[PDB]
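Okay, here we've got a single chain as structure tokens, the form deposited in one PDB entry, with questions on binding and movement later.
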């Protein structure tokens, strides 16, 4: 049951930060191609879906959204002509030039490895998977790519979205976004059935990420989530990560014979049984292989699971920050690694608060708006300072 058309209309009229979002996407206060040629899509309570909208100014943006009153809207690429002029129409036609580099983490992708919620439900406990996803992704963004202007935003329900605004990130072609994705998407076939068998020696990014995540593995996976106490799930998602049929078969039998041993007990069984099985002349080679499999398992469970096509496609549409999620009533607020999903402002609560306080500015959403304004101001400085660096290079 979604919030009413009138609650949504009044949210747009009163609280949605149209100016700051416009400026964020335009990269300047003065309307440019970066907004005038940018696609927005709108989704309606009815299932209708309208692509190829575009807005000229803060007031045009606000007006069209107010008038349409969609449940959500999605931001797209910056094109060579205005998307709303599609239909009339075909230059060659409509060509994508640039767009923010985005990353999307959906918690249901971790459902094999969490037990506290499944599907489109989340809580503070399993949100830790998102926080780790941020830590890892942020590390690659800053350290390896040297991107500096990025923000994470709550999706309203299932996870978080990362928006990279750095000029050179926006400039990426479809191939280059696939190469960025490939670099950060260490884990392949989101198993099971099989073993990741990641390459070795580990590439430096994997090595780093492993070292970042390992300290969390026992607490999150073995203790909090404990997905492998359920034997069928251990057989389905723990054992296929191992390298040896005999070891697999032995563990399987042992857990069939002694059911419901905890994830911590099972993690230890792997070692004990492999030790008895492989003591020999080649025991050193099995010691190494098993370790590699367990490291890979740390990655398989805790390393960010990205919604890959979201990142790979320059034209891809993604929900705008500060939209309301109609299913949850949540506002899609900017976030960091301290975020609880229980902590997202709810639209109904904000509307009560603003009437109680008889002032639009006196809601729990204001601090998120203020922080976003501050972020945007910094971005605008950097965009301008970049053309200032072009001048400083040209100063010769």
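Numbering follows the first chain given and starts at 1. What we label the rigid core is the largest C-alpha set whose atoms superpose within 1.5 Å from one form to the other.
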Entry-level comparison of average CA B-factors, 223-231 and 99-107, reporting the higher stretch: 223-231
Entry-level comparison of average CA B-factors, 325-333 and 44-52, reporting the higher stretch: 44-52
Residue selected from 73, 216, 129, 147 by maximal Cα B factor: 147
Out of 307, 265, 174, 249, residue topping the C-alpha B-factor column of the entry: 249
Third of chain Cα B-factors occupied by residue 113: middle
Residue 66, C-alpha B-factor rank within chain (lowest, middle or highest third): middle
Third of the chain's Cα B-factor distribution that residue 156 belongs to, per the entry: lowest
Modelled-residue ranking by C-alpha temperature factor, third containing residue 192: highest
Residue 355, C-alpha B-factor rank within chain (lowest, middle or highest third): highest
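Unshown form deposited in another entry; subsequent notes refer to it.
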Comparing forms between this form and the one not shown after core superposition, the one residue of 131, 139, 118, 275 displaced by 2 Å or more at CA: 118
Residue 342 C-alpha relocation of at least 2 Å between this form and the one not shown, rigid core basis: no
Residue shift check between this form and the one not shown, rigid core fit, residue 360 Cα at least 2 Å: yes
